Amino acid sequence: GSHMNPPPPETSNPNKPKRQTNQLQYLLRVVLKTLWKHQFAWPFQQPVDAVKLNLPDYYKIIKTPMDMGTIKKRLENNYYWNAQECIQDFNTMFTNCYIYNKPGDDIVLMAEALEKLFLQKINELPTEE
């Protein structure tokens, strides 16, 4: 990994309290699963590598980066305390794309397709038991 990309978001921290919830289980088993296999997932499956993409201003603009590879690791190595934290990561990922890129750009259309799917699934986020 290039020194000119930031370190990725935190995925492991023993000091942060962790909990499994049914909602977090749904986020992994249903939401992440659904979005990961989408035809348009690939740009979002890992941190933006601004060096390889020749976007030297990316991390000048995007100060709260997030991606589904990070979210997958956070879900699989349960990082979260609640589903809101994970939903916020997805929302951050989409908003980064919409802030950095022009409306109607391919990457935006791809993000918008994943977000539509995401919204459908989050509307069915089960009641916390």
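Quick note: we count residues from 1 along the sequence shown, nothing fancier. Between two forms, the rigid core is defined as the largest C-alpha subset superposing within 1.5 Å.
Once the rigid core is matched, which of the two stretches, 109-117 or 10-18, lies farther off on average in 7 other deposited structures of this protein by C-alpha? When 109-117 and 10-18 are compared in 7 other deposited structures of this protein, the bigger C-alpha shift is seen for 10-18.
Between 70-78 and 85-93, name whichever shows the higher mean Cα B factor according to the PDB entry. 70-78 has the higher mean C-alpha B-factor.
Out of 94-102 and 28-36, which one has CA B-factors that are higher on average in the deposited record? Looking at the recorded C-alpha B-factors, 28-36 comes out higher on average.
Taking only the Cα B-factors deposited for this chain, tell me whether residue 11 sits in the lowest, middle or highest third. Its C-alpha B-factor belongs to the highest third of this chain's values.
Please place residue 55 in the lowest, middle or highest third of its chain by C-alpha B factor as given in the entry. It falls in the middle third of the chain.
When the modelled residues of the chain are sorted by Cα temperature factor, does residue 21 land in the lowest, middle or highest third? CA B-factor rank for residue 21: middle third.
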